[PDB]
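Order of writing sets the labels: A, B, C, D, E, F, G, H, I, J, K, L and M. Residues in every chain begin at 1.
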Amino acid sequence: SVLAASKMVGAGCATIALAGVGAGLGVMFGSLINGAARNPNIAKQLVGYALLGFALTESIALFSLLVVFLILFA
Amino acid sequence: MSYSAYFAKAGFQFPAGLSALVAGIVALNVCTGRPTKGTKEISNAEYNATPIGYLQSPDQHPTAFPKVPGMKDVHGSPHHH
Amino acid sequence: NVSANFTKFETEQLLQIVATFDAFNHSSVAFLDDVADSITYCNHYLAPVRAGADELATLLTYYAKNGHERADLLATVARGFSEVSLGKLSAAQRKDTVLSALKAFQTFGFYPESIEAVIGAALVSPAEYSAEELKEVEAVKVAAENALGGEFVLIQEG
Amino acid sequence: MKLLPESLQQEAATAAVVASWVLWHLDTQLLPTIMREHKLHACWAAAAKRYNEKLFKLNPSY
Amino acid sequence: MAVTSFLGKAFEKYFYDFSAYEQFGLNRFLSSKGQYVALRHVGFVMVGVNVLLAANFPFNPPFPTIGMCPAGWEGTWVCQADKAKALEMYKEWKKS
Amino acid sequence: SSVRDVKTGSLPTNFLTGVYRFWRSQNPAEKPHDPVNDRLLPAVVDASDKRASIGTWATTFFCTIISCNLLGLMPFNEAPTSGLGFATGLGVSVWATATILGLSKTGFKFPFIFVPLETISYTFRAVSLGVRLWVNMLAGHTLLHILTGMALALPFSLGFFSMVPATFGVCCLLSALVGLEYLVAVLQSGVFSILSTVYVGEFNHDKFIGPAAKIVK
Amino acid sequence: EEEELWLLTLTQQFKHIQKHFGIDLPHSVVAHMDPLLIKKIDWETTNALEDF
Amino acid sequence: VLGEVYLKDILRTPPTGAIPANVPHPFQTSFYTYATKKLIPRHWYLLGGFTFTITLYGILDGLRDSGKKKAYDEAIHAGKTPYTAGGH
Amino acid sequence: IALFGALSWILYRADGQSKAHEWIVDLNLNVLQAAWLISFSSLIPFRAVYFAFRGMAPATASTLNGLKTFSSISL
Amino acid sequence: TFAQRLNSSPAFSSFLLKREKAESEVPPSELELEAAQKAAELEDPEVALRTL
Amino acid sequence: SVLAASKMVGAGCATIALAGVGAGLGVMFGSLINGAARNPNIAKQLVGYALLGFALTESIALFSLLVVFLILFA
Amino acid sequence: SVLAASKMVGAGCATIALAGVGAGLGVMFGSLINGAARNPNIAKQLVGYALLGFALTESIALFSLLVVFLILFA
Amino acid sequence: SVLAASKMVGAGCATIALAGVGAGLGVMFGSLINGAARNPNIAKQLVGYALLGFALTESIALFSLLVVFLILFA
């Protein structure tokens, strides 16, 4: 069971990328607050961009988690 | 007045082609080509030879509210190699 | 039957019916008015756009042969003539359609803004047109220039 | 826990059947009704001025 | 005489008229109505999980215990981590 | 052969009108150089004929994906989208729809080492579009199952009515997680359809057959 | 009263539509009252111009 | 005067007798008109995408079945059990 | 048919959730989802949601602006 | 008024909108209320003939 | 044995994704403070955006917790 | 035992996640000082937002400390 | 064996490279929100650059993921 042991170690080392994607997502949402404070008249437009931005940013998390699944339950 | 009683006259109605949707999903789930999950296509002589309980594998009959995780309802084929 | 319930008929059905009634010389005044009323008022105003310019030219020559003048129907079926519908045709069929439409428009004395897409379809490729046909097209071109209020140029690619 | 299903093609065909039914139901049953309401209101709101001026010109009652 | 008419009217009277935020006079204990809705939501969850666990028990849980038993089954057949050993211990516990 | 009667101004009609007009507004038509009149109207109609129905396709995908995503949050129910084949079949379907449209624009012709790199960068849209929505649905259900077991363990090993504050806190956390799953269901349906519109609007562009001859004044 | 039927039926039909439209008017009553408008609307949905 | 015969199928009043049947769209009437007028001329890209994904996932099922049958073949050739029985 | 099919689907899914390996967390996920279906009946402002959806469609966002009285009058 | 017609509509007979009123979302204007009163007064056609 | 040991190792290593989502949340709430200082008249609205951003960022955080509880307990 | 040894190493690796929590906390408090300097008139209100943001970031720290508990004593 | 064990460990180490990609996507989309709040009249054009920037950043993620399967399935 050294393979399953390395599976646990590899998945635990695999989810480090969620840190970077969370820092980026917090940067993007803080800029959404900033851009709404600069120009609130288009704020409901900006939130849309934010959601779209969060969208693509989230994908980099899920390609992390998929590898975790490909490590754990493949 | 109003047309409120006219719309209260008609009862609940399905979406217009829902029978085609349920027919497509059922025809995808029953017309697969492969056998049912868990089961194996055996010969007719083997099927007529074995009893009911020996033909049922224990992995396909899990206990309804199991006191221990992994309880099976039937115990199949004590006669095996 | 067509004159009885003209509101139910669509433009494509009326164009096929008028093509058959134009192959023979069969027409009444009431039938012509009911077909023109059905195409103009009872049908969508972009239904000549989905027609194909040979069907519309058949209808134009039908109304020109029978002498029935309906300026609203002419303004409706002039919409179907464009670069798109004439570009859908083959070269001989486009020449026949342009000659039929220009002859009918000269008969009625009606020169819409969309006659130039007919006239241009004879002048972008004048290799298939004979000299008397080019004289006819230039007659309708000068007449449309006088009616529309300017001179006829061709637009290039840019 | 398994990632993959018993047949990927069966689940893909289920998604195609469900989305094609939603496409047919949208184009056939929903969008005609939606456009009947919307294009009635929009045709009246787009033609109010031209319609009332044309009917004012036709009306001999004044 | 009809059942579904009375069921609709009764569920309407329970949904709209019956309000335990004013009937029990909970405006003194709680601040607002939305706070009561949140606490009634979480209380519904708590009562539901306790009814399920309380419903059928004693059993070896498929969910991971954090090394804590129910204080009456230290090593009988409920806290067993291995499942086949817990199954046979359940069998010799069911023979009793 | 008889159709049903519809009340004008129903709430599903209004909701689907707003949804269709949204996904239709995502790819707007280009303003022509000439003023739109009866000379320009067949050019406008042919421009609408050449434009793909991304409003209908995006409304289709939005409605089916939000329906399955919200099916995941009904009791006794899992989302079809949390299956791998379902969600990634929808993703490969949108990518193949965009690719088939773009190939048919180029005369059914398939497309200096920049071309395999851009080919892999474009081909990864087929993976990303389905794996994003499928991964989000799978992660939310999996997180809830792991979280539910810990919550169940707290009253299983500390008495049914003997530990009120910690059970209350962990059920608050679980309830906030299910509310987040509602938000993620709606968001991932909207995200799938927005990325669908941009992927097909990369190839929605076509030639405007305007007037080739005109009267100048 | 040479043409009062046509004007008065326009007034009555639009008054009924405007009174009932977004509230409780059925589609059948609309397609009865204005069948050619419903025909021209159905032409747009048929010929893929539903967003014209 | 302007009679009722000029208004016959053009312009009607609100119904006094009974509410009529709803006029069907041509797509609600027949699937052939929907298929030849709008499903194939407009939505054949989406249908080709569904066809491609079903074809591709059949290819992936074929690859998975080939790999699984290969593992089963070398497992029964090695003399060992291909599957773990388990405990019931 | 809809109510009996929904009840048969609910019973069949609850039976399959009982048979499942992590059965108790399945039956508690059902409680966690039914809690939110309960709380949505209390939270959502259904009148404001109705009129917001009425504003979503242009047919219900405005009144019909059409035939005026002074044009179609008949003296 | 438009709010009264919305209250008499089927949508405000549904279960989630039984106790709601459309006036609370958008109240009718003073012109709309006086015109509803005037139209109720003119619903008698003999009164309309005498008034005109 | 070795498997439980590697489960401890992996469930510890998976936790470090919480650092980046903490940094992202801190950046986002600091930008909430800056935008509330720059425009207080919409400040409550910005708080809503922050909470929205918080929710989405917490999803990434909870994703990391998922793998911890997929390694530690599963 | 190697289980308790790996519990020590996993609790250390889980403790690493407090770093980004402290970093985002410092970023948020520095933005509190900057937003109070740009606009002192509403400054106490900003402190409220700061404490709010602090509490939400502490949730992540709480979760990280939770994992340390579930490695150390479980 | 030990080789497949190292495949799991190296795959988990190789998918750490998505952290900076998620952070960069967050920075880029946050700048998109800031630039659209700064000049909304060209905002659609900015979204194009965002997509262009996205198309040149996730390729790096591809160069991680192409390695990951090369560690896993080769």
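Throughout what follows, a contact is a pair of C-beta atoms (placed from the backbone, for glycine too) under 8 Å apart; a residue touches a chain by one contact, two chains touch by 3 or more.
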Required steps from chain D to chain L (each step between touching chains, minimum): 2
Per-chain Cα centre nearest the global Cα centre, belonging to chain: F
Pair joined by more contacting C-beta pairs (G-H or E-I): G-H
Chain D and chain E, separation of their C-alpha mean positions in angstrom: 46
Distance between chain centroids, defined by C-alpha means - chain A, chain G (Å): 52
Intercentroid distance (Cα basis), chain L paired with chain J, Å: 59
Approximate Å spacing (C-alpha centroids) for the pair chain I, chain M: 38
Per-residue multi-chain contacts in chain A, two or more chains: 2, 5-6, 9-14, 16-27, 29-32, 34, 36, 38, 50, 52, 54, 58-59, 61, 63, 65, 68-70
Contacts with 2+ other chains: residues of chain F: 3-9, 11, 13, 17, 45, 53, 56-57, 60, 85, 89, 92-93, 128, 139, 142, 148-152, 174-175, 187
Residues of chain C engaged with two or more neighbouring chains: 7, 42, 46, 50
Chain G partner contacts - residues on chain B that touch it in the complex: 2-4, 6-7
Contact set on chain B toward chain F in their complex: 3, 6-7, 10, 13, 16
Partner chain A, residues of chain L touching it in the complex: 13, 20, 24
Of chain I, residues touching chain F in the complex: 9-10, 13-14, 17, 22, 24-25, 28-37, 50, 53-54, 56-60
Chain I to chain E touching residues, read off their complex: 21-25, 27-28, 31-32, 34-36, 38-39, 41-43
